[PDB]
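Encoded as structure tokens, the following chain is the form deposited in one PDB entry, with no partner shown.
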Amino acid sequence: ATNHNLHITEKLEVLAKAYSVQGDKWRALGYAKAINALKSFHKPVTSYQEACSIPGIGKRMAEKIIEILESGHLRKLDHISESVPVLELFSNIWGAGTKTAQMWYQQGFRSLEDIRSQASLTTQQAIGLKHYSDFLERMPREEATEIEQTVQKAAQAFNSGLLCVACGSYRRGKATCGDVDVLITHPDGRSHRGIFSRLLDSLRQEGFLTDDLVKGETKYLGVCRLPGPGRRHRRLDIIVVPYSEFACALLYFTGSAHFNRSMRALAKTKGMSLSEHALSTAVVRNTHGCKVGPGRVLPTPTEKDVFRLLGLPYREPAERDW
């Protein structure tokens, strides 16, 4: 729908990122939740009591909401360390998180050029840096489509049965995608094996894969570029999963991140655990509470089965932003 509280959320996201780039992840999280609630509220919040009655907004956040509602500004926004923009700049480099941004800043660096030349970069960060600009641009949905087909085409050349599906923001129907997350599996439950390596080599030869950021037996985080004049380098993820965990893999991979964590929260209450691998029962825990026995798996052939089992009404991918 429409965000009847934009005048508020914009001020808030500013403080939210402030805390975020600074490493205060938990406080940032509180704000993120707050903002998602604000956005999806049927009307402009008009009173402090009204704000509080909303889940994810407590005394503290309500105070801020009202001050903006009445002043159109948030005092808090004027006392934000002048280091935030540089920390944001540095943490925008894929592979570089808040600890690295903070390290570089105390070392005196202040620009990507400072980093590029002087600073010490891990192999990933170097890749993150050379593709800085391209990585902040959200690609058109159409380009995501092209990338999914590329992967799927190269994958079917090893097996016609292999199933390739673009997830994340793409399956949620967004018009722009930060990256492309492709999930690959196979109906027979066994053919997905031993093809990951060769599929990557194939795409790497074809020139499509330009750089590798992370290689796992079943997980791949890399960089790609479509054939054609002046195409940008797009960040790409690929995960290969056995057919049995397909529903969960697809659920996890479609996200969003907050929707996922929210489902996993609920899962734990009902005494269960939800992971990209499966929906299970309460894990066994000893006197201290330490995992000692994995819960048994509840078959979930489809995403619908996962919601059903958690007592939740099915939600289309496009309505899973959080």
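Heads up, when I say rigid core I mean the largest set of C-alphas that superpose within 1.5 Å between the two forms. Only residues modelled in both forms are compared. Numbering starts at 1 and follows the sequence shown.
The same protein also has a form deposited in another entry, omitted here; what follows describes it.
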Sole residue of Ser71, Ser133, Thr123, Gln107 shifting 2 angstroms or more in CA between the shown form and the other one, core aligned: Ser71
Is_shifted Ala282 between the shown form and the other one (CA, 2 Å cut-off, rigid core): yes
Core-superposed comparison between the shown form and the other one, runs of at least 3 residues with CA shifts of 2 Å or more: 66-72, 282-288
